[PDB]
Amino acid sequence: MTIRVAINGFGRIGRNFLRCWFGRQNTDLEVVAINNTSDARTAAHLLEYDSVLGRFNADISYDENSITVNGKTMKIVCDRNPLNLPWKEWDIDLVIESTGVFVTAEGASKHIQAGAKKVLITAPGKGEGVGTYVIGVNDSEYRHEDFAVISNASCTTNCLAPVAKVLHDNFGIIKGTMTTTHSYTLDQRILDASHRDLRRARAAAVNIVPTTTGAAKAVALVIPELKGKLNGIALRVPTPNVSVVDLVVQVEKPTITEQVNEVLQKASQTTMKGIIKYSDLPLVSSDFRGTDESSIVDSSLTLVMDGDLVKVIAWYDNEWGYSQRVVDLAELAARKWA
C-alpha cells in the first residue's frame, strides 16, 4: 500500500518532484529522506523559495539534520558517495536519482548496494541495464521485476514521444527530424567559463546555444517502431524554464493540417488525456509554467507541407511537467511493488 522513497539530488527536478508530490490528493509513496550537497537549512530554503515556481505554500521547518513540510519529516544527508548512504537501515524501497551524475545502471546500482530496492533515474539511462518508461507511451509495459534501475527519459523525450506516438498510430511515421528550443539549464555556465563542451561554456543568458541531444533517439526505447527514424538538435535560449519542440516528420499516409490537429485534439481528451494538452490559443512560453501535461500542442502552428510533410510544435515545462511524470512513474512502481 506504500513504499518509502529517498531523493538523491535535491536540485531542480529533485525539488520540483517533492512539490508535485505534496500537491497530489493521493499517493502510494512516502518521501522519507533526501541526500544533497547542502545542509538541511539550504534544502528547506530552496524548497520554499523558488525563482520559477514562486513561494511554496506550505509549513516548512528544519533543524541540523532534517526538514519538515506539512507534518512530514525527511532526513537530510550529504554523502556524495551513494555506497555510504544508510538506505538499508532506513528501509528505502525507491530512490529518485536526480543528481544527474549516476545515469548508468552501474552508478545507479550503488544505491541498491547501499540497500535500496529500486532506483528511478530522472534522465536518459547511459549504457545497458536500465528500463526506460514514458507515461502514456509504454507505461503499460511496466513489470516490477524487469529492472531494479529505471529511467523516466529526458524532458524532451517526454514531450516528443507522446506526440510521435499519436502521429505514428494515425499517419505512420516514415522518419523525421526535431529541434527543441530549450530554456537554459544548470549544466550551462552563467558567463563564458571553462567546460568540456565549448558551447555549454558560453554565457547562457545572452546566447542561443546549440547542443547535441539524445532525446530524438531515446523515443525509440518507448516506441521501438521508430528505432532509427527520428533525430534532432537542441537550441538553448535565455529563459529559465519551459521549452518547446519542433517536430517535422514525413508521414506515410498523406493528410491535412486540420486532420493532424483533429487527431491530436482527440488524444488530449481520450488516450493521451493528462499527457498531451491541445492548445489553440495565441500563447507564449511563460503561459505554460506549472502545466501538468507533458506535451502542449500549439494547434495554430501545425503545418502539413504537401500532404505527407508534417510539422508540429509542442510546449513543455521541462521542470514541472517532467516532474509530474516522475511522480507518475514512481506511483506506478508503488502500485506494483513486488
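In this text, residue numbers run from 1 along the sequence as written.
- For the two regions 128 to 136 and 71 to 79, the entry's Cα B-factors average higher over 128 to 136.
- For the pair 204 to 212 and 156 to 164, the mean Cα B-factor is higher in 156 to 164.
- The entry assigns its greatest Cα B factor, within the set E89, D246, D93, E145, to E145.
- The residue among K227, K118, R199, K110 whose C-alpha atom has the highest B-factor in the PDB entry is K227.
- Per the deposited record, the Cα B-factor of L53 falls in the lowest third when ranked against the other modelled residues of its chain.
- Per the PDB record, residue ranking by Cα B-factor puts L85 in the lowest third of the chain.
- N241: CA B factor lies in the lowest third for its chain, per the PDB record.
- Annotation for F171: CA B-factor lies in the highest third of the chain's modelled residues.
- In the deposited entry, the Cα temperature factor of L283 sits in the bottom third of values across the chain's modelled residues.
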